[PDB]
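Below: the structure, in structure tokens.
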Amino acid sequence: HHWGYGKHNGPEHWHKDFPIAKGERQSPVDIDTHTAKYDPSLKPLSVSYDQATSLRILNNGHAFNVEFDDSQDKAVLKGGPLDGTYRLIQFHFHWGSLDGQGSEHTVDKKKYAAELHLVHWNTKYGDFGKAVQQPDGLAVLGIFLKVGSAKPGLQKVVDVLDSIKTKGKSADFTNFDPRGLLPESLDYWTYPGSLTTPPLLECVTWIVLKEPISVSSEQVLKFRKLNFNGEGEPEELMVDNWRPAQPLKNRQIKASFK
Ligand SMILES: [O][B]1([O])O[C][C]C2=[C][C]=[C][C]=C21
Ligand SMILES: [Zn+2]
């Protein structure tokens with residue numbers, strides 16, 4: 001009886017195995033755009049993905065992860081609210097059964113169809129597993145998806161999904177350029193939070209871009225054909241793999257923009 005996104009094992013249950021689910025810096029949150037304060041001291045973000053080395057795509061039973069070579073400083077996030085250098089390890093998405101839900105963060109209570117998470121770890125801690133035990137261990141770039149025009153840079157991801165339908169399947173996924181998933185503007189909100197999946201560790205500096213990317217209905221329909229189950233098991237479509245907004249508690253969301 002492992003955690004998941006069903007009636008019996010979904011987010012409202014996670015606190016039993018992971019009591020930090022009720023902690024003081026949980027994610028995601030609602031971003032109240034009127035209360036977020038412009039912080040003139042932040043920087044422009046530095047997203048340096050030219051030398052990114054994608055390796056593989058994995059259906060882990062909760063999402064699919066596009067994994068990178070993080071054995072050296074190839075694709076890194078720096079600047080913005082961050083001190084030091086954060087190495088890209090993987091990206092994945094959260095999405096809904098219909099276009100009116102799917103994102104984890106919300107903006108004035110608006111839910112987007114999906115949300116992309118580019119996960120990076122602080123190189124001062126040497127490895128990902130050490131990083132997640134630190135309050136400044138991870139930096140996650142969050143990007144909302146809305147349904148409209150196709151995203152050209154997403155189609156290579158869409159077209160491999162048939163090959164990783166079920167939990168535990170992987171495929172080679174070399175030479176994928178994550179720059180093709182970014183919006184034009186890097187304007188962002190930032191706040192201290194957590195992983196949005198068990199173990200829900202409070203180790204993340206969240207950087208949530210204001211500008212959504214557009215994907216087509218056909219693209220997100222292919223996400224929804226994935227399975228949470230393993231091969232041969234009763235089919236459970238991989239949809240609604242999002243955690244709802246958690247209490248903000250004693251946190252301030254800062255804006256990079258006026
Ligand atoms: O799956 B997760 O919660 O979704 C948010 C992003 C993140 C970051 C590190 C590990 C897992 C996850
Ligand atoms: Zn995520």
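Ligands are numbered from 1 in the order shown, chains are lettered A, B, ... in the order of the structure tokens, and residues start at 1 in each chain.
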Would you list the residues that come within 8 Å of ligand 2? Count only C-alpha atoms and all ligand atoms and give the answer as a compact mmCIF listing (two decimals) with N, CA, C and O atoms, in the first residue's frame.
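Done, and the output landed in result_37.txt:
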# COMPACT_ATOMS: atom_id res chain seq x y z
N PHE A 91 14.20 16.37 -15.43
CA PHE A 91 12.91 17.07 -15.46
C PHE A 91 11.77 16.09 -15.58
O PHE A 91 11.92 14.96 -16.07
N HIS A 92 10.61 16.54 -15.13
CA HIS A 92 9.38 15.77 -15.25
C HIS A 92 8.20 16.75 -15.22
O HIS A 92 8.39 17.95 -15.04
N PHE A 93 7.03 16.21 -15.40
CA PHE A 93 5.80 17.00 -15.42
C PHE A 93 4.77 16.42 -14.44
O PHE A 93 4.86 15.25 -14.07
N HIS A 94 3.81 17.27 -14.13
CA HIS A 94 2.56 16.90 -13.45
C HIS A 94 1.45 17.37 -14.38
O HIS A 94 1.54 18.45 -14.94
N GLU A 115 2.39 21.18 -15.32
CA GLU A 115 3.54 21.92 -14.78
C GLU A 115 4.82 21.10 -14.96
O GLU A 115 4.83 19.89 -14.63
N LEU A 116 5.83 21.73 -15.50
CA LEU A 116 7.17 21.14 -15.75
C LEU A 116 8.05 21.56 -14.57
O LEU A 116 8.08 22.74 -14.19
N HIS A 117 8.77 20.59 -14.05
CA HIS A 117 9.76 20.77 -13.00
C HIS A 117 11.14 20.37 -13.47
O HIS A 117 11.34 19.20 -13.78
N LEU A 195 9.94 19.19 -1.77
CA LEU A 195 9.51 18.23 -2.79
C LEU A 195 7.99 18.15 -2.73
O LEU A 195 7.40 18.23 -1.63
N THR A 196 7.34 17.91 -3.85
CA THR A 196 5.89 17.76 -3.88
C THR A 196 5.46 16.30 -3.88
O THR A 196 4.23 16.04 -3.98
N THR A 197 6.41 15.39 -3.78
CA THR A 197 6.18 13.92 -3.70
C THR A 197 6.91 13.44 -2.47
O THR A 197 7.96 14.00 -2.11
Next item on the list: Give me every alpha helix (DSSP H) residue in region 26-203 of chain A, going by DSSP on the backbone, as an MDAnalysis selection string.
Entry: chainID A and resid 128:131 155:160
Item checked: Given 10 Å and only C-alpha atoms and all ligand atoms, residues near ligand 1 as a PyMOL selection string -> chain A and resi 27-28+62-65+89-94+104+115-121+128+132+138-142+194-201+203-204+206+241-243
Checklist line | Pick from A:55, A:98, A:107, A:207 nearest to residue 32 (chain A), counting only C-alpha atoms | finding: A:107
Note to self: At a cut-off of 8 Å, using only C-alpha atoms, what residues contact residue 173 (chain A)? Leave out same-chain residues fewer than 6 positions from it and give the result as a PyMOL selection string.
What the structure shows: chain A and resi 54-57+66
Residue 85 (chain A) surroundings by only C-alpha atoms, 12 Å radius, close-in-sequence under 5 positions cut, as a tab-separated table (two decimals) with C-alpha atoms, in the first residue's frame:
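As a result, part-v2.tsv now contains:
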chain	number	residue	atom	x	y	z
A	45	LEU	CA	18.33	33.97	-13.33
A	46	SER	CA	21.08	32.26	-15.24
A	47	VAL	CA	19.88	29.11	-17.03
A	48	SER	CA	22.94	27.56	-18.74
A	72	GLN	CA	30.00	17.39	-13.90
A	73	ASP	CA	28.78	21.05	-14.27
A	74	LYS	CA	27.20	20.76	-17.73
A	75	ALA	CA	23.64	22.19	-17.36
A	76	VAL	CA	23.39	24.55	-14.37
A	77	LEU	CA	21.05	27.04	-12.76
A	78	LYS	CA	22.54	30.02	-10.92
A	79	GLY	CA	21.58	33.57	-9.93
A	80	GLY	CA	18.07	34.70	-9.09
A	120	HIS	CA	18.76	20.91	-9.85
A	121	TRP	CA	21.00	20.13	-6.86
A	122	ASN	CA	23.50	22.34	-5.04
A	123	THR	CA	27.02	21.22	-6.00
A	124	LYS	CA	28.36	22.36	-2.55
A	125	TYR	CA	26.82	19.12	-1.13
A	126	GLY	CA	28.57	16.80	-3.60
A	136	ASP	CA	19.21	25.00	0.26
A	137	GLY	CA	19.89	21.63	-1.38
A	138	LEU	CA	17.68	21.85	-4.48
A	139	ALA	CA	16.48	24.50	-6.92
Checklist line | Close residues, residue 163 (chain A) itself excluded, 12 Å, only C-alpha atoms, min 5 positions apart in chain, as a PyMOL selection string | finding: chain A and resi 56-59+64+157-158+168-173+222+225-227+231
Residue subset to file, keeping C-alpha atoms, as an mmCIF file, in the first residue's frame:
data_model
loop_
_atom_site.group_PDB
_atom_site.id
_atom_site.type_symbol
_atom_site.label_atom_id
_atom_site.label_comp_id
_atom_site.auth_asym_id
_atom_site.auth_seq_id
_atom_site.Cartn_x
_atom_site.Cartn_y
_atom_site.Cartn_z
ATOM 1 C CA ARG A 56 17.366 8.393 -20.531
ATOM 2 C CA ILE A 57 13.624 8.660 -19.969
ATOM 3 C CA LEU A 58 12.019 6.595 -17.202
ATOM 4 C CA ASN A 59 8.377 5.879 -16.243
ATOM 5 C CA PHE A 64 8.244 10.231 -16.364
ATOM 6 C CA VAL A 157 9.417 13.757 -25.495
ATOM 7 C CA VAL A 158 5.808 13.046 -26.671
ATOM 8 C CA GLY A 168 9.678 0.662 -14.661
ATOM 9 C CA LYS A 169 10.141 1.049 -18.413
ATOM 10 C CA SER A 170 12.928 3.276 -19.687
ATOM 11 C CA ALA A 171 14.325 4.272 -23.075
ATOM 12 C CA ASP A 172 17.503 5.894 -24.357
ATOM 13 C CA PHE A 173 16.919 9.649 -24.596
ATOM 14 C CA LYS A 222 -0.182 11.593 -25.127
ATOM 15 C CA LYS A 225 -1.984 7.626 -22.275
ATOM 16 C CA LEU A 226 0.809 6.711 -19.879
ATOM 17 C CA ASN A 227 0.124 4.191 -17.106
ATOM 18 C CA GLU A 231 3.229 -4.141 -17.631
#
Notebook entry, point to check: Hey, which of A:224, A:249, A:43, A:156 ends up closest to residue 23 (chain A)? Count only C-alpha atoms.
Noted result: A:249
With a cut-off of 8 Å, could you pull out the residues of region 46-159 of chain A touching region 176-179 of chain A and give me the nearest pair of atoms for each, distance in Å to one decimal, using only C-alpha atoms, ordered by chain and ascending number, as CSV?
residue,atom,partner,partner_atom,distance
A:49,CA,A:179,CA,6.4
A:50,CA,A:177,CA,7.8
A:52,CA,A:177,CA,6.9
A:53,CA,A:176,CA,7.4
A:54,CA,A:176,CA,5.7
A:153,CA,A:178,CA,7.8
A:156,CA,A:176,CA,7.8
Checklist line | Residue neighbourhood residue 254 (chain A), 9 Å, only C-alpha atoms, exclusion window fewer than 4 positions, as a PyMOL selection string | finding: chain A and resi 35-39+42+188-191
What does the file look like for those residues with C-alpha atoms, as an mmCIF file, in the first residue's frame?
data_model
loop_
_atom_site.group_PDB
_atom_site.id
_atom_site.type_symbol
_atom_site.label_atom_id
_atom_site.label_comp_id
_atom_site.auth_asym_id
_atom_site.auth_seq_id
_atom_site.Cartn_x
_atom_site.Cartn_y
_atom_site.Cartn_z
ATOM 1 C CA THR A 35 0.572 39.824 -2.262
ATOM 2 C CA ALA A 36 3.868 38.652 -3.847
ATOM 3 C CA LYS A 37 6.370 41.465 -3.387
ATOM 4 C CA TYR A 38 8.786 42.727 -6.052
ATOM 5 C CA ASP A 39 12.283 42.174 -4.604
ATOM 6 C CA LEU A 42 16.992 39.340 -6.642
ATOM 7 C CA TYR A 188 9.631 34.486 -11.791
ATOM 8 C CA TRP A 189 8.253 34.065 -8.302
ATOM 9 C CA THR A 190 10.374 32.441 -5.623
ATOM 10 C CA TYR A 191 9.791 30.966 -2.166
#
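Shortest separation to residue 1 (chain A) among A:14, A:238, A:162, A:185 occurs at residue A:14, atoms counted being only C-alpha atoms.
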Notebook entry, point to check: When DSSP works through the backbone of this structure, what residues of region 129-219 of chain A end up as strand (DSSP E), shown as a list in words?
Noted result: residues 138, 139, 140, 141, 142, 143, 144, 145, 146, 147, 170, 171, 172, 188, 189, 190, 191, 192, 193, 204, 205, 206, 207, 208, 209, 213, 214 and 215 of chain A
Export, as an mmCIF file, in the first residue's frame, the selected residues with N, CA, C and O atoms.
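Now in again28.cif:
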data_model
loop_
_atom_site.group_PDB
_atom_site.id
_atom_site.type_symbol
_atom_site.label_atom_id
_atom_site.label_comp_id
_atom_site.auth_asym_id
_atom_site.auth_seq_id
_atom_site.Cartn_x
_atom_site.Cartn_y
_atom_site.Cartn_z
ATOM 1 N N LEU A 138 18.210 21.946 -3.129
ATOM 2 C CA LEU A 138 17.681 21.851 -4.485
ATOM 3 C C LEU A 138 17.130 23.187 -4.945
ATOM 4 O O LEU A 138 16.686 24.030 -4.140
ATOM 5 N N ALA A 139 17.152 23.372 -6.268
ATOM 6 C CA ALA A 139 16.482 24.502 -6.923
ATOM 7 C C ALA A 139 15.609 23.889 -7.984
ATOM 8 O O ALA A 139 16.149 23.131 -8.809
ATOM 9 N N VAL A 140 14.320 24.147 -7.959
ATOM 10 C CA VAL A 140 13.391 23.622 -8.970
ATOM 11 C C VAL A 140 12.824 24.776 -9.734
ATOM 12 O O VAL A 140 12.247 25.677 -9.121
ATOM 13 N N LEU A 141 13.011 24.711 -11.043
ATOM 14 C CA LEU A 141 12.420 25.643 -11.986
ATOM 15 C C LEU A 141 11.081 25.055 -12.384
ATOM 16 O O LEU A 141 11.030 23.983 -12.996
ATOM 17 N N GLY A 142 10.022 25.778 -12.095
ATOM 18 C CA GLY A 142 8.660 25.357 -12.419
ATOM 19 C C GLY A 142 8.108 26.187 -13.545
ATOM 20 O O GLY A 142 8.236 27.422 -13.508
ATOM 21 N N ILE A 143 7.513 25.523 -14.516
ATOM 22 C CA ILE A 143 6.997 26.168 -15.732
ATOM 23 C C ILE A 143 5.585 25.658 -15.983
ATOM 24 O O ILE A 143 5.385 24.428 -16.066
ATOM 25 N N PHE A 144 4.626 26.546 -16.068
ATOM 26 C CA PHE A 144 3.245 26.137 -16.351
ATOM 27 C C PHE A 144 3.059 25.832 -17.826
ATOM 28 O O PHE A 144 3.675 26.451 -18.687
ATOM 29 N N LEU A 145 2.168 24.860 -18.063
ATOM 30 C CA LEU A 145 1.696 24.514 -19.434
ATOM 31 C C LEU A 145 0.234 24.844 -19.580
ATOM 32 O O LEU A 145 -0.567 24.422 -18.728
ATOM 33 N N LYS A 146 -0.089 25.546 -20.656
ATOM 34 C CA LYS A 146 -1.460 25.753 -21.100
ATOM 35 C C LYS A 146 -1.623 25.082 -22.457
ATOM 36 O O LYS A 146 -0.633 24.859 -23.177
ATOM 37 N N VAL A 147 -2.870 24.772 -22.768
ATOM 38 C CA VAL A 147 -3.166 24.075 -24.028
ATOM 39 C C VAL A 147 -3.562 25.085 -25.099
ATOM 40 O O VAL A 147 -4.474 25.898 -24.911
ATOM 41 N N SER A 170 12.047 2.177 -19.315
ATOM 42 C CA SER A 170 12.928 3.276 -19.687
ATOM 43 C C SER A 170 13.289 3.171 -21.160
ATOM 44 O O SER A 170 13.214 2.056 -21.798
ATOM 45 N N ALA A 171 13.828 4.250 -21.690
ATOM 46 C CA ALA A 171 14.325 4.272 -23.075
ATOM 47 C C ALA A 171 15.516 5.232 -23.128
ATOM 48 O O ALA A 171 15.567 6.226 -22.432
ATOM 49 N N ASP A 172 16.380 4.995 -24.060
ATOM 50 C CA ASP A 172 17.503 5.894 -24.357
ATOM 51 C C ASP A 172 16.884 7.248 -24.762
ATOM 52 O O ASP A 172 15.863 7.276 -25.482
ATOM 53 N N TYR A 188 9.973 35.577 -12.703
ATOM 54 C CA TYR A 188 9.631 34.486 -11.791
ATOM 55 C C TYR A 188 9.139 34.964 -10.441
ATOM 56 O O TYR A 188 9.390 36.086 -10.010
ATOM 57 N N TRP A 189 8.491 34.024 -9.744
ATOM 58 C CA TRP A 189 8.253 34.065 -8.302
ATOM 59 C C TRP A 189 9.185 33.074 -7.617
ATOM 60 O O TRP A 189 9.482 32.023 -8.166
ATOM 61 N N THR A 190 9.524 33.369 -6.375
ATOM 62 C CA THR A 190 10.374 32.441 -5.623
ATOM 63 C C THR A 190 9.938 32.337 -4.174
ATOM 64 O O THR A 190 9.526 33.348 -3.577
ATOM 65 N N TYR A 191 10.089 31.163 -3.583
ATOM 66 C CA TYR A 191 9.791 30.966 -2.166
ATOM 67 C C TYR A 191 10.471 29.679 -1.734
ATOM 68 O O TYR A 191 10.817 28.820 -2.559
ATOM 69 N N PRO A 192 10.708 29.501 -0.422
ATOM 70 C CA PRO A 192 11.299 28.276 0.086
ATOM 71 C C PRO A 192 10.238 27.188 0.279
ATOM 72 O O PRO A 192 9.210 27.472 0.955
ATOM 73 N N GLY A 193 10.464 25.990 -0.191
ATOM 74 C CA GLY A 193 9.484 24.923 -0.072
ATOM 75 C C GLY A 193 10.135 23.560 -0.037
ATOM 76 O O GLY A 193 11.196 23.334 0.538
ATOM 77 N N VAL A 204 13.923 22.694 -0.989
ATOM 78 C CA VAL A 204 13.807 23.301 -2.306
ATOM 79 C C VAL A 204 13.700 24.813 -2.234
ATOM 80 O O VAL A 204 12.814 25.335 -1.542
ATOM 81 N N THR A 205 14.502 25.505 -3.058
ATOM 82 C CA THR A 205 14.212 26.876 -3.453
ATOM 83 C C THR A 205 13.407 26.797 -4.746
ATOM 84 O O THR A 205 13.918 26.335 -5.761
ATOM 85 N N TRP A 206 12.148 27.173 -4.679
ATOM 86 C CA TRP A 206 11.271 27.168 -5.840
ATOM 87 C C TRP A 206 11.440 28.456 -6.635
ATOM 88 O O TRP A 206 11.437 29.562 -6.071
ATOM 89 N N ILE A 207 11.505 28.293 -7.958
ATOM 90 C CA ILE A 207 11.575 29.403 -8.912
ATOM 91 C C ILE A 207 10.491 29.076 -9.950
ATOM 92 O O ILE A 207 10.686 28.168 -10.754
ATOM 93 N N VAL A 208 9.371 29.786 -9.888
ATOM 94 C CA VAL A 208 8.204 29.488 -10.737
ATOM 95 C C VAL A 208 8.074 30.590 -11.753
ATOM 96 O O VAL A 208 7.906 31.749 -11.410
ATOM 97 N N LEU A 209 8.227 30.241 -13.021
ATOM 98 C CA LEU A 209 8.158 31.246 -14.096
ATOM 99 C C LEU A 209 6.717 31.769 -14.242
ATOM 100 O O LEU A 209 5.762 30.998 -14.225
ATOM 101 N N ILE A 213 4.252 28.058 -20.966
ATOM 102 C CA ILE A 213 4.469 27.587 -22.340
ATOM 103 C C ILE A 213 3.146 27.028 -22.818
ATOM 104 O O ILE A 213 2.290 26.568 -22.045
ATOM 105 N N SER A 214 2.967 27.066 -24.129
ATOM 106 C CA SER A 214 1.799 26.486 -24.827
ATOM 107 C C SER A 214 2.183 25.130 -25.386
ATOM 108 O O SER A 214 3.217 25.039 -26.046
ATOM 109 N N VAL A 215 1.338 24.138 -25.148
ATOM 110 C CA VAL A 215 1.431 22.798 -25.771
ATOM 111 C C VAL A 215 0.106 22.496 -26.445
ATOM 112 O O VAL A 215 -0.938 23.056 -26.083
#
Item checked: Spatial neighbours of residue 30 (chain A), max dist 10 Å, only C-alpha atoms, sep filter under 5 positions, as a list in words -> residues 104, 105, 106, 107, 108, 109, 110, 111, 244, 245, 246, 247, 248 and 253 of chain A
Export C-alpha atoms of the chosen residues as a CSV table (one decimal), in the first residue's frame?
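Done, and the output landed in again31.csv:
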chain,number,residue,atom,x,y,z
A,104,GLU,CA,0.8,21.9,-8.6
A,105,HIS,CA,1.3,25.6,-8.1
A,106,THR,CA,-1.6,27.8,-8.8
A,107,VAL,CA,-1.7,31.5,-9.7
A,108,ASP,CA,-4.6,33.4,-8.0
A,109,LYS,CA,-6.2,29.9,-7.6
A,110,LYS,CA,-5.9,29.2,-11.4
A,111,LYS,CA,-4.8,25.7,-12.2
A,244,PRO,CA,-2.8,20.4,-4.3
A,245,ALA,CA,-1.7,23.7,-2.8
A,246,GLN,CA,-0.4,23.6,0.8
A,247,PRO,CA,-0.6,26.3,3.5
A,248,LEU,CA,1.9,29.1,3.0
A,253,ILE,CA,6.6,34.8,-2.1
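Counting from CA of residue 210 (chain A), the distance to CA of residue 5 (chain A) is 26.6 Å.
Here CA of residue 182 (chain A) and CA of residue 44 (chain A) stand 14.8 Å from one another.
Our summary of the geometry notes that CA of residue 22 (chain A) is positioned 17.0 Å from CA of residue 4 (chain A).
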